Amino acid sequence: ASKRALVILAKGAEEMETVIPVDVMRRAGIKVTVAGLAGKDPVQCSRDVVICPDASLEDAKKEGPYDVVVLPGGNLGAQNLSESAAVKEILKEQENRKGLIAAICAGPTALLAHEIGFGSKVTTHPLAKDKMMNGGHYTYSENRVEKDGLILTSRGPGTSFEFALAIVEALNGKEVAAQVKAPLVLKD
């Protein structure tokens, strides 16, 4: 059976941090559901790219569980994820079932808001570090991608391919990740 990913898309999401993981995971044969936090209507991203979700989060929640739940960043997008009781319930269920949660740039601040993965080693964008580290609920990392068990974090648009390929490796293994990486023309 193909692995499955849920990507939660909120208004103000960083569109690169959304699209790069969706595209890379789909290249790996993962069945990705781009789920709109606000419903199936189009979502205006941080730099005004408008993405049409595959489903509402309400409907996508019904079709779990998922092998990974992915939280893009964006200042407003991560704020919206952080304020959502629906996101809180999905992340708590994913943590409880020992499923992977992956968040990039400002996205990890939604882990803090929902009390997910406390005591984990995490990274964030530098500009989100102080927010993430308020209260000392995590240990901080400067690694471009940090994987501490089932909590996978990363730093920014420029780490999005590394982040996505780490998700692919976690779900589908090293060889699939190498296959997907091969034609991307990534540096090293």
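All residue numbers are counted from 1 along the displayed sequence.
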Original post:
Should the higher mean CA B-factor in the entry be assigned to 150-158 or to 128-136?
Top reply: 128-136
Original post:
Is the mean CA B factor in the deposited entry higher across 84-92 or across 98-106?
Top reply: 84-92
Subject >> residue 141 CA temperature factor, ranked by third within the chain >> reply: highest
**OP:** Just say lowest, middle or highest third for the CA B-factor of residue 28 relative to the other modelled residues in its chain.
**Re:** middle
Subject >> residue 51 - Cα temperature factor, lowest/middle/highest third of chain >> reply: lowest
Subject >> Among modelled residues of the same chain, the CA temperature factor third for residue 45 >> reply: lowest
Original post:
So where's residue 70 on the chain's Cα temperature factor ranking, which third?
Top reply: lowest
